[PDB]
RNA sequence: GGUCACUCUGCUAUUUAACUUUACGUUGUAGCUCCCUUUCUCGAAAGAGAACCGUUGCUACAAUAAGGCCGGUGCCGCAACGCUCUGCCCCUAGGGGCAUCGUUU
DNA sequence: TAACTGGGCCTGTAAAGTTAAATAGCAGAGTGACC
DNA sequence: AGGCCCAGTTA
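In PDB author numbering, the protein residues as written are 7 to 336, 343 to 520, 669 to 685, 695 to 708, 714 to 747, 769 to 814, 818 to 1082.
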C-alpha cells in the first residue's frame, strides 16, 4: 500500500476542509488525489452570540434561586407553627396558611400603632421574608467616587435616603405614600427598580415591628421567633466555599504538582519587588546602566518602611539630575506597593497589637500561610479552619475583621522560595531559572503519534475555537489514519475564525490565534499558512461554500517557500510571488465543484465513474482513481436534551373543553391589530366598545403601539376610568406542554424538537404515504412515545416502522415517481404540515440556501450515512428506538 | 541588527468558566376593583336586583422547566468533550461513527 | 376535502456582587528560531 | 436561528 501525503487542511469558524496531493523527492507536489470538507454547528447562539452553556448556567442559577426561596418560605411557615403563632388548624393540606391576609403593607404600617392578629402577624413576617431587598455584600472599602451606580443602586440608595429622613419610619410607610403619590402601585413593574429597598432598612423595620408588637400586647414576640425570622431574612449561602478557588487555579510553570502563589503573599510580593528592581536597569545618560549592588541594597527595604516607594522617593534617596534614566516611562506614580505587608501592618495598627510608626514583624512563612488562606478561601469558617493553631486567635480575629486578598501570580511558592534569593543577590529571573531548572524548565516529551489525541480539560477560553480545534483534530486524524502521516499538512485559521463575535458583526490579528493549535500540532506530530497570502498562489470564486474551503486547503498546502520569506520581510516594512505549477489551474476548478469547467451552468458530475472519465477528457496522466465527486460532510446533532419555551399561557379551555387555543396577556405597547382581533372579550363579544376604542387608538398612530399607548404620554382608559396596560389575547395552540398540573391549568409551547420518527404505509390505492411523527425534549423527559403524525391520525399496528433521524442527518430523495436521486441533509420539520427543511452539498446558508419539501407522498425517502469527508454509505434501521 | 514566537512582572481592554443573591416577566388561585355577555328573580309596566362565566387595575399566595436519582435544609437535569463501561449505526477478531453511554459534577 | 406552498409571526430579562482563566495593546527584563 | 401557524392555492 504505497502512500504519500502533504495534503493540507484549511479551517474556519463554520467549516473545515482538506485536499490531498501527491508529493515527490523534495518539496514538489504531483497531481492531487482526494478532497473532502466538513461543516460546523457554530458553537454560539446565532443571533445574540451568547455561549450555549451560558443559558444553561442561567437556568441552573434560577432553578437554585426559586428552590431556595420556596424552602425558605417553608421554613418560615414551620417556624410560625412551632413558636405558637399559628396552630395546625390554620394550615391546609398543602402546608399553606388558610385565610392569609392579602394586605401586608397596610398591616406593616398599622403594626406601628395597634395590635396584630396572629394571621396578620404571620402575613407580615412572611411578606418581609419573601420580599427582603438587596444586600450590599461587597468589599467594605471605598473612595469618594461612585460613578457607575446603575438603576438598581440608584433606586436602593434613593429609597434608603428617603427613609433616613424624618418623615417615614419604615419602608412600608414610605411604600404606602409612594403608592398614593405618583406610582399608583407599590412594587416594581416593567423591569424598573424605583421601589426596591435595602435589606438593612427591612431588617430595621423587622426589629422595630417586633419591639412595637412587644409594646402592644402581641403574645408571639418570642426571642426564638425573632431570631428565626431575622436569620431567615439575613442568611445567604456564601459565594465561595471550600476548594472553589483551588479548582479554578492554573498550573505552576516549573513545579509540576504545585499551586500558584498568591499575589498578596510575602514571598510573591518580594518577588514582584525584586523583579521590578533587577529589571529596572534603566538610567539614561545617553546610555542605560543597571543599579549597583549597594544602590539596590540601599533602595530595596524602603517600601517596608514607608507606604509606597514611588520614583520620586527613589531618586531623592540616592541619585542626581542629568542622566534622567527611568526607562520608557516618559510624574512619579508609586513605582511599587508592598500592599500585602503594608495592608497587614495597617490592619493590625487599626485595633491590634501594633504601633503606627514602629515596623511590624511576623514569620515570613506565617505571612505566606495567611496570604494563601485569604486568597484560597473567603468564609471565616474556612479561613479559621486553615489558620487555627497556626496563628494566634486575637490577630486572626483582626485579620478576619479587615483583610481580603484576590489575585495570584504565575509561579508556585516552592519555586519562588528557590528563586527569590538568587534575585536578592542580583541575578535576573531568566538567570535564576536557568541556574535552577537547567534552562529546559519544561519537557514537551513529544510523543508524536499517527493519530492526533484531543485537547485537555482546560483547553482554551472560546468555546467556538474549542469546537474548531476539536473538529479540526477529528478531521486531521480521519485522514492521517488512512493516508499515512502527512509531511507538511496545512494550517489555516481565518481572521474571523479566531475570536470576537461582536467585531465579526462589526465586519459584516487580535484573536486566540492557534496558541493552543500551533503548539498542539507541533508537539504531538507542517506548514503555517496565512489567509491573506493564502488567496495568492496562481491557479471570489463562488463565495458560497460549495468548495470554498477546498481552495484555502490546496493553498495552505502550498505555503512553505520564499513567498512566506519575503511576506515576513514585507511584514518587517516583494512585488511578485507567482507559483504556477502542475497545470491544474483549471483542473482543480473542474474537480472541486464537479461540473464547473468554466461553464457555470451544467449538470453536476454526481457519479464517480462519470466524473473520472469526463475529467480524463478535459484539460492527461494526472487522473488518479483515488478520487470521488466532492460533497460537504455535515456534523450531526443527536442530543436528546432541550427545553420547552419559557412563555406560560392559560390552558383552562384547552384541557377542560379541548379547544386548541391558549390565552396570554399582551402589553398595549407591543400589541398589533391582529392581537386586538384575537382579544378574549372581542371574539366572544364581551367588550366591543373597548375593542373599538383600542382599534381607533392604534389606527390613529398607524400601528405604532409604542407611541399610541405610551405611559405618561398617552395612557389608555376603559369606560369608567380604569387604566388598561395589557389585554388578554388568544392564540392557536394545536400542540403544547402542560405545566404545574397539580394547582393550575398552564401550558407552554413545545420547543426544541429532538428527533423525528418517520413511518411508511401502503393500502390506499396502491401508493406509498409517509407519516412523520415529531419527538421533543419534554416527551423524552416524561418518557412517552407519540403516535400522532403532525396532522395525521393515530399510528396503529398497520403502519410498518421505517426509520428515525435527528438534525443534520442526510437522507435520500425522490421528489416524484420519476426524478433524480438528490441526496440532501435534514435541517428542520414542520409540526403543522409535516414539511422538511433541507440543504444539499452547497454550504446551505439557512437564510436563502434553504429547501422546502413536504413528505406525505414522496415515493422514496431513505436513511443515509454521511461520515468523514466523503465516506457515504447507506444505513438501514428496522427496530424503532424508544425514549427513556 | 530586523521578523516571529516564548517565560516573568506591571497596567489596560476584551472574552470565557464557576458561584451567591435581588428586582422583574409569564401562568394559576384568592381578595378588592373597571367594563361587559348571558341567565334568572322581584315588578302589571317603568325599572331595579342577584348568579355563573369572561375580564380591567392593584395586593397577596402558589408555580416558574418538563423530569431523573438515593444512602435530607440531599445530587443532578437547556452545554461541551471523549470512546475506558453499554447500546445503535457502519466498515473490514479488529476498527470507526453517533449517542439514550461516560466525563467535566 | 385533504395536501402543497409561500409568507410571516412569536420566541424570557435586568441588576448587584465573589472568583478563576484566555486573547490582544503598551511599558520593563530575558530567551530561541528565522530573515 | 427554531417552531409552526395562516391564508391562498391546488390535486
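From the three backbone atoms N, C-alpha and C, an ideal C-beta is built for every residue, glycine too.
Residue 868 in three-state terms, based on DSSP: Residue 868 sits at position 670 when you count from the first residue of the first chain. It is coil, neither helix nor strand.
Proximity to residue 477 [Cα-Cα], best of 9, 21 and 972: Locating residue 477 in the first chain gives position 465, where the first residue counts as 1. The candidate whose alpha carbon is nearest that of residue 477 is 21.
Could you tell me how far apart the beta carbons of residue 1083 and residue 840 are, in whole angstroms, since I believe they sit closer than 8 Å? Shown here, the chain extends from 7 to 1082; a query on residue 1083 therefore has no answer.
Tell me, please, which residues DSSP counts as bridged to residue 22. Here the question's residue 22 lines up with position 16 in the first chain. In the DSSP output, where bridge partners are listed per residue, residue 22 has 17 and 44.
With DSSP run on the structure shown, which of helix, strand or coil describes residue 669? The count along the first chain starts at 1 and reaches residue 669 at position 509. Residue 669 falls in the coil class under three-state DSSP.
State the Cα-Cα distance for the pair residue 67 and residue 13, rounded to the nearest angstrom. For the purposes of this step, residue 67 is taken as the residue at position 61 of the first chain. For the purposes of this step, residue 13 is taken as the residue at position 7 of the first chain. Distance between the alpha carbons of residue 67 and residue 13: 47 Å.
Quick one: what's got a C-beta closer than 6 Å to residue 389's C-beta in the same chain, skipping five residues either side? As a working mapping, residue 389 is identified with position 377 in the first chain. Excluding sequence neighbours, residue 389 sits near 395.
Of the residues 286, 166 and 701, which one's Cα is nearest the Cα of residue 299? Position 293 of the first chain holds residue 299. Nearest option by C-alpha distance: 286.
Determine the closest residue to residue 113 out of 173, 134 and 1006, with distance taken between C-alpha atoms. Position 107 of the first chain, counted from the first residue, corresponds to residue 113. When only C-alpha atoms are compared, the closest one is 134.
Less than 7 Å between the CB of residue 214 and some heavy atom of the ligand MG, yes or no? This structure lacks the ligand MG, and indeed carries no ligand of any kind.
Going by beta-carbon coordinates alone, are residue 280 and residue 436 separated by less than 8 Å? Along the first chain, one-based indexing puts residue 280 at 274. Along the first chain, one-based indexing puts residue 436 at 424. The answer is yes: Cβ separation under 8 Å.
Distance between residue 56 and residue 62 (C-alpha atoms, nearest Å): Position 56 of the first chain, counted from the first residue, corresponds to residue 62. Position 50 of the first chain, counted from the first residue, corresponds to residue 56. About 11 Å.
Give me the Cβ distance between residue 1010 and residue 1046, rounded to the nearest whole Å; I'm assuming they're in contact under 8 Å. Counting from one through the first chain, the residue named residue 1010 turns up at place 812. Counting from one through the first chain, the residue named residue 1046 turns up at place 848. Contact doesn't hold; Cβ gap of about 24 Å is too wide.
Residue 857 versus 933, 802, 924 and 814, residue with shortest Cα-Cα distance: Position 659 of the first chain, counting from 1, holds the residue named residue 857. The shortest Cα separation from residue 857 among 933, 802, 924 and 814 belongs to 933.
How do the segment 736 to 746 and the segment 491 to 510 stand: do at least 3 beta-carbon pairs fall below 8 Å, yes or no? no
Would you kindly work out how many angstroms separate the C-alpha atoms of residue 442 and residue 450, rounded to a whole number? The sequence position of residue 442 within the first chain is 430, counting from 1. The sequence position of residue 450 within the first chain is 438, counting from 1. Their Cα atoms are separated by approximately 11 Å.
Whole-Å CB distance - residue 503 paired with residue 697, under 8 Å assumed: For the purposes of this step, residue 503 is identified with residue 491 of the first chain, where counting begins at 1. For the purposes of this step, residue 697 is identified with residue 528 of the first chain, where counting begins at 1. Confirmed, Cβ separation roughly 5 Å.
Local conformation of residue 350 per DSSP, three classes: Along the first chain, one-based indexing puts residue 350 at 338. Coil at residue 350, not helix or strand.
Distance, residue 208 Cα to residue 320 Cα: Here residue 320 is taken as the residue at index 314 of the first chain, counted from 1. Here residue 208 is taken as the residue at index 202 of the first chain, counted from 1. Approximately 52 Å, taken between the alpha carbons.
Rounding to the nearest angstrom, what Cα-Cα distance links residue 425 and residue 351 in this structure? Translated into positions along the first chain, residue 425 becomes position 413. Translated into positions along the first chain, residue 351 becomes position 339. So the two alpha carbons sit approximately 18 Å from each other.
Apart from the five residues just before and just after residue 367, which ones in its own chain have a Cβ nearer than 8 Å to its Cβ? To locate residue 367, count along the first chain from 1; it is residue 355. Cβ neighbours of residue 367 beyond the five flanking positions: 361.
When you compare only the Cα positions, how much space is there between residue 70 and residue 144? Working through the first chain from its first residue, we reach residue 70 at position 64. Working through the first chain from its first residue, we reach residue 144 at position 138. Answer to the nearest angstrom: the Cα atoms are 21 Å apart.
What does the alpha-carbon distance come out to for the pair residue 380 and residue 179? Translated into the one-based positions of the first chain, residue 380 becomes position 368. Translated into the one-based positions of the first chain, residue 179 becomes position 173. Roughly 52 Å separates the two Cα atoms.
May I ask you to verify whether the segment 996 to 1003 touches the segment 930 to 946, counting CB pairs closer than 8 Å and requiring at least 3? no
Nearest-angstrom beta carbon gap, residue 783 and residue 711 [assumed within contact, 8 Å]: The chain lacks coordinates between 708 and 714, the interval that contains residue 711.
Apart from the five residues just before and just after residue 445, which ones in its own chain have a Cβ nearer than 8 Å to its Cβ? One-based indexing of the first chain puts residue 445 at position 433. Here the set comprises 260, 431, 451 and 453.
Quick one: grab the DSSP three-state call for residue 56. As a working note, residue 56 is residue 50 in the first chain. Residue 56 falls in the coil class under three-state DSSP.
Can you list, in chain order, the residues of its chain whose CB lies under 8 Å from that of residue 893, leaving out five sequence neighbours each side? Position 695 of the first chain holds residue 893. Closer than 8 Å at the Cβ level, and outside the excluded window around residue 893, lie 871 and 874.
Between the segment 261 to 278 and the segment 321 to 333, do at least 3 Cβ pairs fall closer than 8 Å? no
Hey, could you find the ends of the beta strand (DSSP E) residue 972 is sitting in? Against the first chain, residue 972 aligns to sequence position 774. Taken as a continuous stretch (DSSP letters only), the beta strand (DSSP E) holding residue 972 covers 967 to 974.
Would you say residue 139 and residue 727 are within 8 Å of each other, going by their C-beta atoms? For the purposes of this step, residue 139 is taken as the residue at position 133 of the first chain. For the purposes of this step, residue 727 is taken as the residue at position 553 of the first chain. No, they are not a contact pair.
Taking only runs of the beta strand (DSSP E) that begin and end inside the segment 404 to 465, which ones reach a length of at least 3 residues, in chain order? 420 to 424
How about residue 82 and residue 238: are their beta carbons less than 8 Å apart? One-based indexing of the first chain puts residue 82 at position 76. One-based indexing of the first chain puts residue 238 at position 232. Taking 8 Å as the Cβ cut-off, residue 82 and residue 238 qualify as a contacting pair.
Cross-strand partners of residue 861 (DSSP beta bridge): The residue given as residue 861 occupies position 663 in the first chain. In the DSSP output, where bridge partners are listed per residue, residue 861 has 848 and 928.
Just checking my contact of residue 954 with residue 1027 at CB under 8 Å: how many whole Å lie between their CB atoms? To locate residue 954, count along the first chain from 1; it is residue 756. To locate residue 1027, count along the first chain from 1; it is residue 829. Going by Cβ atoms, the distance from residue 954 to residue 1027 rounds to 5 Å, so yes, they are a contact pair.
Beta-carbon separation (whole angstroms), residue 937 vs residue 924, contact threshold 8 Å: As a position in the first chain, residue 937 is number 739, starting the count at 1. As a position in the first chain, residue 924 is number 726, starting the count at 1. Going by Cβ atoms, the distance from residue 937 to residue 924 rounds to 21 Å, so no, they are not a contact pair.
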